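Colleague: I have a structure I would like to understand better, so I am pasting it below and will then ask my questions one at a time.
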Amino acid sequence: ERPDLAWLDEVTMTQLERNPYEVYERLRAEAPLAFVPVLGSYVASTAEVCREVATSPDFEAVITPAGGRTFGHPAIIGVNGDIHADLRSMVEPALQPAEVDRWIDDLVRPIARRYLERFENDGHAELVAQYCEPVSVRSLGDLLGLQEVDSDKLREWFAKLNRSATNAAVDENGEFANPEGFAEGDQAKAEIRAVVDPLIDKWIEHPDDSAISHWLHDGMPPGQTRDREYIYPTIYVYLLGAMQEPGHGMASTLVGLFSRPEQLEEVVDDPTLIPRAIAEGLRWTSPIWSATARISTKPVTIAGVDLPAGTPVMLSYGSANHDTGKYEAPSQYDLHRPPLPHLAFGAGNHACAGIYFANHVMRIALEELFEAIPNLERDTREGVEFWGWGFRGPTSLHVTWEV
Ligand code: HEM
Ligand SMILES: COc1ccccc1O
């Protein structure tokens, strides 16, 4: 235990979920690599340390403890070597930029319009539930082959998997403090199995253009498919973050723009600025805030800390994206910040595989929103609360417009 960091013993899991930025501002200054007792792990808080660990030859991926309890093996985020190479080859075809550009407009734009048509003349909406989450899940769900799974159900599953995979608190002995918090993750997985097993049965015999059919068949000898137990953990990884994060990025970008009314006006007037607005939104409130980790494979010294082999380090990219070595007043959303590197998609061989797709989902969603409701305003009678340490985003976004 590091003596000058004794204050970390009193940091709680609830504090980090409600708002992790004050604790992490101290970590960035005091200890860029620091052991946080309630998380049971070293955490990397600065841009230099996160990028170093994520790209180091002396580290490889490891799943967080609660992530492992939630996803099992081989989750694409938690494995390395030949298995990781295979799972990357499995997921990459539909995410290739030239491929996304073929069909992303015809996928997302009619989905955004469908959800907008439900409320665009109301004069009020809660955009997280009514727009950002539905467009995110319906887009990806259709790409995957889950057309028949309602957006309400996809939203419920990612919320249960989020809480399970971020159920990280440990007690004085390093044991999970809230073991009952994994039960709703187990229940989501059981429901997913009941829906998806018959789809896999069908795709094995009758392949189609759905992404999960391609995960079963691509790259395989004739008449063979990847075993469903081998792909289900990556299906679960998708049904948490890939379903959740484009909605979170959309919504955080909107909260940021509302916080800078002159910048919201600029972006509504000039939608070619939407990609810049989104990149700043991701830096400003990173959707994947501290959900992944790496483990040393040899003894290594990082940020002055001598780590043995086998040491996990959580990558708190959402903190690294407020590093004041890189950014001026990072807690302020600013469209006009210079377009600098950021870590909201991670780094290294385990960096996000879906960046290009995700950026287009968020872009098309915001384009359609501002076209439909150009006089959109935040409802300032309602607070926006952000929640989450592992995955972070606004829990609601009440808006109003003159009808
Ligand atoms: C704005 C939305 C998104 C954000 C901010 C985001 C961010 C991230 C981050 C931070 C990681 C971990 C990287 C690391 O540990 O260094 C990651 C991993 C990953 N993401 Fe994205 N993600 C988003 C959307 C998506 C979508 C929509 C997909 C799929 C269609 C996707 C697929 C993946 C995959 C497959 C991985 C695992 C990569 C690996 O471990 O090799 N992401 N993402
Ligand atoms: C793409 O989904 C994830 C990325 C990182 C950690 C958990 C996820 O579900």
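By convention here, the chains of the structure tokens are called A, B, ... in the order presented, each chain's residues are numbered starting at 1, and ligands are numbered starting at 1 in the order presented.
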As a list in words, please: the residues near stretch 356-362 of chain A (cut-off 7 Å, only C-alpha atoms, same-chain neighbours under 5 positions excluded).
Modeller: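 The residues satisfying every condition are residues 95, 97, 100, 108, 246 and 250 of chain A.
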Colleague: Using DSSP assignments from the backbone, pull out every residue in stretch 19-214 of chain A that falls under helix (DSSP H, G or I) and give it to me as a PyMOL selection string.
Modeller: chain A and resi 21-30+37-39+47-55+65-71+76-78+81-91+93-95+97-117+127-144+151-165+179-205+211-214
Colleague: Measuring atom to atom with only C-alpha atoms and all ligand atoms, identify which of A:192, A:243, A:373, A:16 is nearest to ligand 1.
Modeller: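 Residue with the minimum atom-to-atom distance to ligand 1: A:243.
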Colleague: List all protein, DNA and RNA residues that have an atom no more than 6 Å from any atom of ligand 1, counting only C-alpha atoms and all ligand atoms, and report them as a ChimeraX atom specification.
Modeller: /A:54,76-77,242,245-246,249,287-288,292,344-347,350-354,358
Colleague: Generate a file of the selected residues that holds N, CA, C and O atoms, formatted as a JSON list (two decimals), in the first residue's frame.
Modeller:
[["chain", "number", "residue", "atom", "x", "y", "z"],
["A", 54, "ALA", "N", -1.28, 0.37, -23.28],
["A", 54, "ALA", "CA", -2.09, -0.22, -24.35],
["A", 54, "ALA", "C", -1.27, -0.64, -25.54],
["A", 54, "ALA", "O", -1.74, -1.49, -26.31],
["A", 76, "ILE", "N", -13.49, -11.17, -27.01],
["A", 76, "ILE", "CA", -12.44, -10.60, -27.89],
["A", 76, "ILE", "C", -11.55, -9.63, -27.13],
["A", 76, "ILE", "O", -10.32, -9.57, -27.38],
["A", 77, "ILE", "N", -12.11, -8.95, -26.13],
["A", 77, "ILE", "CA", -11.35, -7.98, -25.35],
["A", 77, "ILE", "C", -10.37, -8.65, -24.38],
["A", 77, "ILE", "O", -9.50, -7.94, -23.87],
["A", 242, "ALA", "N", -20.97, -2.43, -28.04],
["A", 242, "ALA", "CA", -21.27, -1.98, -29.41],
["A", 242, "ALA", "C", -22.70, -1.46, -29.51],
["A", 242, "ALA", "O", -22.93, -0.49, -30.23],
["A", 245, "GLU", "N", -22.57, 2.09, -26.89],
["A", 245, "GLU", "CA", -21.72, 3.27, -26.95],
["A", 245, "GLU", "C", -22.06, 4.31, -28.02],
["A", 245, "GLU", "O", -21.88, 5.51, -27.75],
["A", 246, "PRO", "N", -22.48, 3.95, -29.24],
["A", 246, "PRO", "CA", -22.82, 5.04, -30.19],
["A", 246, "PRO", "C", -23.96, 5.89, -29.66],
["A", 246, "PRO", "O", -23.92, 7.11, -29.81],
["A", 249, "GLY", "N", -22.32, 8.16, -27.07],
["A", 249, "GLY", "CA", -21.53, 9.22, -27.73],
["A", 249, "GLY", "C", -22.39, 10.30, -28.35],
["A", 249, "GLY", "O", -22.07, 11.50, -28.24],
["A", 287, "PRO", "N", -17.46, 7.39, -23.82],
["A", 287, "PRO", "CA", -18.45, 6.34, -23.54],
["A", 287, "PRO", "C", -17.82, 5.12, -22.88],
["A", 287, "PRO", "O", -18.38, 4.60, -21.88],
["A", 288, "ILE", "N", -16.69, 4.64, -23.41],
["A", 288, "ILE", "CA", -15.98, 3.57, -22.74],
["A", 288, "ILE", "C", -14.94, 4.29, -21.89],
["A", 288, "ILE", "O", -13.93, 4.83, -22.38],
["A", 292, "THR", "N", -11.68, -1.56, -20.02],
["A", 292, "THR", "CA", -10.72, -2.57, -20.47],
["A", 292, "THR", "C", -9.43, -2.45, -19.67],
["A", 292, "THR", "O", -9.24, -1.50, -18.87],
["A", 344, "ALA", "N", -10.49, 7.79, -26.87],
["A", 344, "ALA", "CA", -11.83, 7.24, -26.65],
["A", 344, "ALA", "C", -12.08, 5.95, -27.40],
["A", 344, "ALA", "O", -13.06, 5.26, -27.08],
["A", 345, "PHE", "N", -11.24, 5.61, -28.38],
["A", 345, "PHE", "CA", -11.32, 4.30, -29.01],
["A", 345, "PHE", "C", -10.17, 3.40, -28.58],
["A", 345, "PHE", "O", -9.90, 2.38, -29.25],
["A", 346, "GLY", "N", -9.43, 3.78, -27.52],
["A", 346, "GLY", "CA", -8.28, 2.93, -27.09],
["A", 346, "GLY", "C", -7.13, 3.04, -28.06],
["A", 346, "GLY", "O", -6.99, 4.02, -28.82],
["A", 347, "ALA", "N", -6.25, 2.04, -27.98],
["A", 347, "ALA", "CA", -4.98, 2.11, -28.67],
["A", 347, "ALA", "C", -4.41, 0.72, -28.74],
["A", 347, "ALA", "O", -4.77, -0.15, -27.96],
["A", 350, "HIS", "N", -5.51, -4.00, -29.44],
["A", 350, "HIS", "CA", -6.87, -4.20, -28.94],
["A", 350, "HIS", "C", -7.69, -2.91, -29.03],
["A", 350, "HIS", "O", -8.76, -2.80, -28.40],
["A", 351, "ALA", "N", -7.25, -1.96, -29.84],
["A", 351, "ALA", "CA", -8.07, -0.77, -30.02],
["A", 351, "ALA", "C", -9.40, -1.13, -30.66],
["A", 351, "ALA", "O", -9.55, -2.16, -31.32],
["A", 352, "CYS", "N", -10.37, -0.23, -30.51],
["A", 352, "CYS", "CA", -11.70, -0.44, -31.09],
["A", 352, "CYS", "C", -11.64, -0.89, -32.56],
["A", 352, "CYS", "O", -10.96, -0.27, -33.38],
["A", 353, "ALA", "N", -12.41, -1.93, -32.88],
["A", 353, "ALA", "CA", -12.50, -2.43, -34.25],
["A", 353, "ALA", "C", -13.61, -1.78, -35.05],
["A", 353, "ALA", "O", -13.64, -1.91, -36.28],
["A", 354, "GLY", "N", -14.47, -1.04, -34.39],
["A", 354, "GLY", "CA", -15.67, -0.51, -35.01],
["A", 354, "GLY", "C", -15.71, 1.01, -35.12],
["A", 354, "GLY", "O", -16.80, 1.55, -35.31],
["A", 358, "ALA", "N", -18.97, 3.21, -36.01],
["A", 358, "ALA", "CA", -19.57, 3.96, -34.90],
["A", 358, "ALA", "C", -19.67, 5.45, -35.23],
["A", 358, "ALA", "O", -20.69, 6.09, -34.94]]
Colleague: Return as a ChimeraX atom specification every polymer residue, whether protein, DNA or RNA, with at least one atom no more than 6 Å from an atom of ligand 2; count only C-alpha atoms and all ligand atoms.
Modeller: /A:237-238,240-242,291-292
Colleague: Go ahead and save the residues from that selection, with N, CA, C and O atoms, as a PDB file, in the first residue's frame.
Modeller:
ATOM      1  N   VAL A 237     -20.001  -9.154 -25.818  1.00  0.00           N
ATOM      2  CA  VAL A 237     -19.254  -7.908 -25.886  1.00  0.00           C
ATOM      3  C   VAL A 237     -19.981  -6.916 -26.794  1.00  0.00           C
ATOM      4  O   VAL A 237     -20.092  -5.720 -26.493  1.00  0.00           O
ATOM      5  N   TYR A 238     -20.491  -7.407 -27.939  1.00  0.00           N
ATOM      6  CA  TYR A 238     -21.256  -6.515 -28.811  1.00  0.00           C
ATOM      7  C   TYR A 238     -22.550  -6.057 -28.155  1.00  0.00           C
ATOM      8  O   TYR A 238     -22.920  -4.890 -28.276  1.00  0.00           O
ATOM      9  N   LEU A 240     -23.234  -5.470 -25.200  1.00  0.00           N
ATOM     10  CA  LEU A 240     -23.037  -4.406 -24.213  1.00  0.00           C
ATOM     11  C   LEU A 240     -22.545  -3.192 -24.996  1.00  0.00           C
ATOM     12  O   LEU A 240     -23.355  -2.369 -25.441  1.00  0.00           O
ATOM     13  N   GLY A 241     -21.229  -3.085 -25.218  1.00  0.00           N
ATOM     14  CA  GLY A 241     -20.670  -1.828 -25.695  1.00  0.00           C
ATOM     15  C   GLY A 241     -21.004  -1.466 -27.126  1.00  0.00           C
ATOM     16  O   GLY A 241     -21.176  -0.284 -27.452  1.00  0.00           O
ATOM     17  N   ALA A 242     -20.971  -2.430 -28.044  1.00  0.00           N
ATOM     18  CA  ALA A 242     -21.266  -1.982 -29.406  1.00  0.00           C
ATOM     19  C   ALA A 242     -22.697  -1.461 -29.513  1.00  0.00           C
ATOM     20  O   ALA A 242     -22.932  -0.487 -30.235  1.00  0.00           O
ATOM     21  N   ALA A 291     -13.258   0.451 -19.087  1.00  0.00           N
ATOM     22  CA  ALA A 291     -13.851  -0.877 -19.182  1.00  0.00           C
ATOM     23  C   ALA A 291     -12.874  -1.939 -19.593  1.00  0.00           C
ATOM     24  O   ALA A 291     -13.274  -3.114 -19.649  1.00  0.00           O
ATOM     25  N   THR A 292     -11.680  -1.561 -20.025  1.00  0.00           N
ATOM     26  CA  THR A 292     -10.719  -2.569 -20.473  1.00  0.00           C
ATOM     27  C   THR A 292      -9.427  -2.446 -19.665  1.00  0.00           C
ATOM     28  O   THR A 292      -9.239  -1.499 -18.871  1.00  0.00           O
TER      29      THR A 292
END
Colleague: How many Å separate atom CA of residue A:397 from atom CA of residue A:22?
Modeller: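 Computed distance, atom CA of residue A:397 to atom CA of residue A:22, equals 23.2 Å.
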Colleague: Considering only strand (DSSP E) as DSSP defines it on the backbone, what residues of stretch 123-292 of chain A qualify? List them as an MDAnalysis selection string.
Modeller: chainID A and resid 124:126 292
Colleague: Rounded to one decimal, what separation in Å do you get between atom CA of residue A:365 and atom CA of residue A:328?
Modeller: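 Interatomic distance, atom CA of residue A:365 to atom CA of residue A:328: 28.9 Å.
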Colleague: Find the distance between atom CA of residue A:130 and atom CA of residue A:118 and write it in Å to one decimal.
Modeller: 8.5 Å
Colleague: Quick one: of A:23, A:112, A:277, A:85, who's nearest to residue A:254, counting only C-alpha atoms?
Modeller: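 Using only C-alpha atoms, residue A:254 sits closest to A:277.
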Colleague: Using only C-alpha atoms for the distances, tell me which of A:399, A:29, A:90, A:149 is nearest to residue A:213.
Modeller: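 The shortest atom-to-atom distance to residue A:213 comes from A:90.
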Colleague: With distances taken over only C-alpha atoms, which residue among A:31, A:49, A:79, A:251 lies nearest residue A:320?
Modeller: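 Smallest separation from residue A:320 among the options: A:49.
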Colleague: Residues at most 10 Å from residue A:142, counting only C-alpha atoms, excluding those fewer than 2 positions away in the same chain, as a ChimeraX atom specification?
Modeller: /A:107-108,111,137-140,144-149,210-211
Colleague: Would you mind telling me which residue in A:284, A:391, A:71, A:59 lies nearest to residue A:331 when using only C-alpha atoms?
Modeller: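 When distances to residue A:331 are compared using only C-alpha atoms, the smallest one comes from A:284.
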Colleague: Find, counting only C-alpha atoms, the residue in A:258, A:370, A:236, A:21 that gets nearest to residue A:388.
Modeller: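 Looking at the shortest contact to residue A:388, the residue is A:21.
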